[PDB]
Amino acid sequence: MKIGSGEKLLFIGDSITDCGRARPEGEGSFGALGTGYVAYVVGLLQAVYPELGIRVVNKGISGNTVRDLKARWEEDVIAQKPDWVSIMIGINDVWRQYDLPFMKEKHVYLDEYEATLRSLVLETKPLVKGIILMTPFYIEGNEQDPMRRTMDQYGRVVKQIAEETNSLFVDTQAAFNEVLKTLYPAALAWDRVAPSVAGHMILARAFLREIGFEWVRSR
């Protein structure tokens, strides 16, 4: 378990992170974390490591792109003095290119995305114990579907950044890809983005595996 006792773990992202969490503070055991993967992570950490006393904060905001993260980073991240920051962003940065292909101010292209995400990591790294970069995802098994193909480009950038900055790394697309060998996307999310409890569990598990969570502790 990478996260130590008494430490503060902060999640940021878009609606997949937000999941109806309490605004502004996003902190507490009884609904304030929202109802998706963040909450599941905390639940599992408390069920299996209750003695760790890990404080968890949810700063997800529905609709955000990486440009929106940068715009609130000082207030929502820096000022919170976290020990661990988990970032999952990119879905909207890409989706807007496909659902509003002519409202282009809504799009964040890849080279802007890469530099902005890097800028967030590099600002934050000297202030925290660790950073966890979660790729965006798209629940779609055809690599050549245009949005899936774009999303994968953004996920490759995330991986690159994590390597180069010594951040932890969660490939959420690889986790979905496995389940997509069996299930058609609609069984997980009609819109291919916002999933079921199952999708959130896929994400929660992917995150917990990367931080060295044990389902039954050996120690």
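One rule holds for the numbers: they count along the sequence shown, beginning at 1.
> What stretch has the higher average Cα B-factor here, 97 to 105 or 144 to 152?
Replying inline: The stretch with the larger average C-alpha B-factor is 97 to 105.
>> Can you tell me whether 132 to 140 has a higher mean C-alpha B factor than 70 to 78 in this record, or the other way round?
In response: The stretch with the larger average C-alpha B-factor is 70 to 78.
> Per the coordinate record, which of the options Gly53, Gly36, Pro185, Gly60 holds the highest CA temperature factor?
Replying inline: Out of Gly53, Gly36, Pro185, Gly60, the record gives the largest C-alpha B-factor to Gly53.
> Based on the PDB record, which member of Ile16, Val197, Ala22, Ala204 exhibits the highest Cα temperature factor?
Replying inline: The C-alpha B-factor peaks, among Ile16, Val197, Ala22, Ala204, at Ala22.
>> What third of the chain does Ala32 rank in for C-alpha temperature factor, lowest, middle or highest?
In response: Highest third - that is where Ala32 ends up once the chain's C-alpha B-factors are sorted.
>> Considering every modelled residue of the chain and its Cα B-factor in the PDB entry, is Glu163 in the lowest, middle or highest third?
In response: According to the entry, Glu163 has a C-alpha B-factor in the chain's highest third.
>> Please say which third, lowest, middle or highest, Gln46 falls into when its CA temperature factor is compared across its chain.
In response: Highest third of the chain for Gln46's C-alpha B-factor.
> Mind checking which third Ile87 falls in for C-alpha B-factor across the chain?
Replying inline: CA B-factor rank for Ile87: lowest third.
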